[PDB]
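Below is one structure, written out as structure tokens; comments come after it.
FYI the Cβ positions are ideal-geometry reconstructions off the backbone, even for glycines, and counts take in every protein chain you see. Quick note: the coordinates plus some simple rules give every number you see, no bench work behind them.
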2 protein chains.
Amino acid sequence: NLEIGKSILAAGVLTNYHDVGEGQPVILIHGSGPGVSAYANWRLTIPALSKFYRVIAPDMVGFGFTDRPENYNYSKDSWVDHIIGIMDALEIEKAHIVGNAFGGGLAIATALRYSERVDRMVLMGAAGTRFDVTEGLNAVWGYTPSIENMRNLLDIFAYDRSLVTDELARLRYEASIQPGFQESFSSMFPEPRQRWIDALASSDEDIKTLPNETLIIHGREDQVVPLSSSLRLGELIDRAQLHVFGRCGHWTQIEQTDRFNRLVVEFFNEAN
Amino acid sequence: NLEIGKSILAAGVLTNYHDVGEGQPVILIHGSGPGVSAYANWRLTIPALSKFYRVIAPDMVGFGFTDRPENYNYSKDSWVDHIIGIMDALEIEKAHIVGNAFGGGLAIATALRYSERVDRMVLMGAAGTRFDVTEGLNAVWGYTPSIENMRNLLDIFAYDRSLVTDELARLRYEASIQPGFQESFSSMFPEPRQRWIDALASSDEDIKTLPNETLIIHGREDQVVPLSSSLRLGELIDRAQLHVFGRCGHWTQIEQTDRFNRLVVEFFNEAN
């Protein structure tokens, strides 16, 4: 299983993670869909970035192959603590961070609490402030196992559905039913789900204090997180750039791979 | 005067233009400010692009050092005819086009009337549809000669005013008073100026038919053309990408030079 990488104790949690490349560190933080893992989200990104940077992609606690501690208290602050715990464990003092949706919200929260630990940020299909839960997001977080549900979920993420094959649907369905996966997932963002968008979000006031050079990326046809959320992030963050891909759904790193990889590598390259 | 390049008869008009580089042709179309010329607008762009493409930057009729024919009938269609006349004169059958504001509106109009002559488009700080005239634009089009007026105008275009020196103000002021310049300029977009935004614009319906791969660029703090206009272009054009620079005024090619040049060159490079 290529989704399984190495193991490390981070913030007291046995964490699964991938570590590829050398040089300036870059932390990639995956989204919050069923069966998600750092590898599943970044398999097409790591190769390109690792040629210029040291890429770290961990499975956030409660997701992927990282341990799911009994009675663990999941929260924005706990996840931020995990991220920092991972960086501490790997002696990564300061790093660039790329966050996908859920991971983007965590990136912002980490930058606010640990400003000194974050350099440049890439927020993809994310939201910094609250937005009204979408049908797409409620479907994602309200997922229950079945190949048809996974196919429909994958279709929600993609602009070009021809990319969603029965094979892919089967593979991610199988990923979603691994021991304990659906258990923790279903208990992660229970109804009413607007609560979790509200809890993961950061205040407009706090976001405006971010000094980080930021690159906000979003797919015009994103059915999960509305484009309006990234537009808002772009109005709030001072040193920000916004890049919207037309004919692109939620997973821009997948549907606009080469364009995404070039923008990100060059964005980090500026830091010299 | 480096603003003077070569001369060529195009659409019956003696046209001043710059031609640098070899390979795939790229036409750069300047904006409509006082004293504007292809060189003034693209001096920091041509060098970079010319390393990979053949760059053509002409002074549109009524602007720069191109002839200002007596009783010439200036209009969107006449300007489109000039652009095509320039391409015809240079045996340029199909080309990518980069348009700055006024020039961006012309790029869209040309692509609609001569779809076969345009490949990829870069619309910078432009508007495809109508928007309510801004204080900034009315100030630009309502310019009358003076170093203070030019300094204030340059300040309207820039985010970082420290880039606007008295020397630059003097140079562009002098450019604006060259024989016949202010004469044609003042008669170009007379009050009420909303009429010209309306005349240069293309319908939503027409814009939606554009098949061209397009890159829309805009500065968040643009005081001349509102960011909302580019957001709208991004909603209408199918194969579009939008890139907004934070801490950047109207002239992104000037304040975010390297970022702009890289995005554009790579965007055209995709066409192989």
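Longest span of chain B, sites excluded, free of GluC sites (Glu not before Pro) in DSSP loop with at most 13 other C-beta atoms within 10 Å?
Values: sites that count: B:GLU22, B:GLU70, B:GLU91, B:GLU93, B:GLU270.
So the longest stretch without any such site is B:94-269.
Calculate the dipole size of chain B relative to its Cα centre from +1 charges on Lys and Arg beta carbons and -1 charges on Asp and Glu beta carbons; express the result in debye to the nearest 20.
Values: 24 positive and 36 negative charges, 63 e Å.
Computed about the Cα centre, the dipole is about 300 debye.
Give the Cα extents of the stretch B:125-272 along the principal axes, in whole Å, largest first.
43, 34, 25
Which of the three applies to the protein assembly as shown, rounded, prolate or oblate, going by the alpha-carbon gyration tensor with a ≥ b ≥ c and a/c under 1.5 meaning rounded?
On the way: a/c = 2.38, a/b = 2.12, b/c = 1.12.
Here the protein assembly as shown falls in the prolate category.
Pick out which of A:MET188, A:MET121, A:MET60 has the largest mean-square fluctuation in a Gaussian network model of chain A, springs linking Cα atoms closer than 10 Å.
A:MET188
Just from its helices, what would the mean residue ellipticity at 222 nm be for chain B, if runs of 4 or more DSSP H residues each count -39500 (n - 2.57) and the sum is divided by every residue, rounded to the nearest 500 deg cm²/dmol?
Working: 13 runs with 110 residues, N = 272.
Counting only the DSSP helices, I get -11000 deg cm²/dmol.
Evaluate the relative contact order of chain A (contact order divided by residue number), counting alpha-carbon pairs under 8 angstrom at least 6 apart; express in whole percent.
Worked out over chain A, it gives 19 percent.
Once the other residues with Cβ under 11 Å from the Cβ of B:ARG68 are scored (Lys, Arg +1; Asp, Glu -1), what is the net sum? Mind showing how you got there, number by number?
Details: positive: none; negative: B:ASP59, B:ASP67, B:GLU70, B:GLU183.
My count for the surroundings of B:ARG68 gives -4.
Among A:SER162, A:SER176, A:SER37, whose mean-square fluctuation peaks in a Gaussian network model of chain A (Cα, cutoff 10 Å)?
A:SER162
Just to check I understand the Karplus step: with θ = phi - 60° and J = 6.51 cos²θ - 1.76 cosθ + 1.60, what whole-Hz values come out for the stretch A:238-255, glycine and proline as x?
For the stretch A:238-255, the Karplus-derived couplings read 4, 8, 10, 10, 10, 10, 10, 9, x, 6, 8, x, 5, 7, 4, 5, 9, 7 Hz, x marking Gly and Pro.
Would the stretch B:221-270 count as rounded, prolate or oblate if I go by the C-alpha gyration tensor, calling it rounded below 1.5 in a/c and otherwise prolate when a/b exceeds b/c, oblate otherwise?
Note, shape of the stretch B:221-270 comes out oblate.
Just to check, using Stokes-Einstein with a Kirkwood Rh over alpha carbon pairs, what's the diffusion coefficient of the stretch A:1-79 at 25 °C and 0.890 mPa s in µm²/s?
Details: Rh = 12.9 Å.
Taking Rh from Cα pairs, D becomes 190 µm²/s.
Cβ under 12 Å from B:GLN182's Cβ, B:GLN182 left aside: what net charge do those residues give with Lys, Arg +1 and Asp, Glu -1?
Values: positive: B:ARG68; negative: B:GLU174, B:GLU183.
Once all neighbours under 12 Å are counted, the net charge is -1.
Would you please classify the overall shape of chain B from the alpha carbon gyration tensor, given that a ≥ b ≥ c denote the square roots of the eigenvalues, rounded means a/c under 1.5, and beyond that prolate means a/b larger than b/c while oblate covers the rest? Before the final figure, lay out each step's value.
Details: a/c = 1.25, a/b = 1.14, b/c = 1.10.
Because its axes are fairly even, with a/c under 1.5, chain B counts as rounded.
For the stretch B:55-108, which chymotrypsin sites (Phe, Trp or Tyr not before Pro) are both in a DSSP coil and crowded by at most 15 other Cβ atoms within 10 Å? Intermediate values should be presented prior to the final figure.
Details: sites: B:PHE63, B:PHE65, B:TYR72, B:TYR74, B:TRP79, B:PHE102; in loops: B:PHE63, B:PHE65, B:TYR72, B:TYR74.
Loop-located and lightly packed - B:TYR72.
If you take every residue apart from A:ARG232 with its C-beta less than 11 Å away from the C-beta of A:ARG232, what net charge results, scoring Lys and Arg +1 and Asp and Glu -1? Intermediate results must be reported in sequence, preceding the final value.
On the way: positive: A:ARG130; negative: A:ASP204, A:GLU235.
Summing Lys/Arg as +1 and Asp/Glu as -1 gives -1.
Work out Dmax and Rg for the stretch B:155-207 from the C-alpha atoms and quote the Rg first, both in angstrom.
Final numbers for Rg and Dmax: 15.9, 45 Å.
Report, in listed order, any pair from A:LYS208/B:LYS76; A:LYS94/B:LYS51; B:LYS6/B:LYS94; A:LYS208/B:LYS208; A:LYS208/B:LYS51; B:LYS6/B:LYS208 with a Cα-Cα distance greater than 31 Å.
Values: A:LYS208/B:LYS76 42 Å; A:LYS94/B:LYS51 36 Å; B:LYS6/B:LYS94 21 Å; A:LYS208/B:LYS208 35 Å; A:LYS208/B:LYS51 39 Å; B:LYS6/B:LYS208 37 Å.
Result: A:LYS208/B:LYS76; A:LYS94/B:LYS51; A:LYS208/B:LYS208; A:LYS208/B:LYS51; B:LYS6/B:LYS208 exceed 31 Å.
With +1 on each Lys and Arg Cβ and -1 on each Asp and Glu Cβ, and nothing else charged, work out how big the dipole of the protein assembly as shown is about its Cα centre, in Debye to the nearest 20. Please report the intermediate quantities before stating the final value.
Details: 48 positive and 72 negative charges, 50 e Å.
Magnitude of the dipole: close to 240 debye.
Could you work out which residue, out of A:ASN16, A:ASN152, A:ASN73, moves most in a Gaussian network model of chain A, that is, has the largest mean-square fluctuation with Cα springs under 10 Å?
Result for chain A, Cα springs under 10 Å: A:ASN73 fluctuates most.
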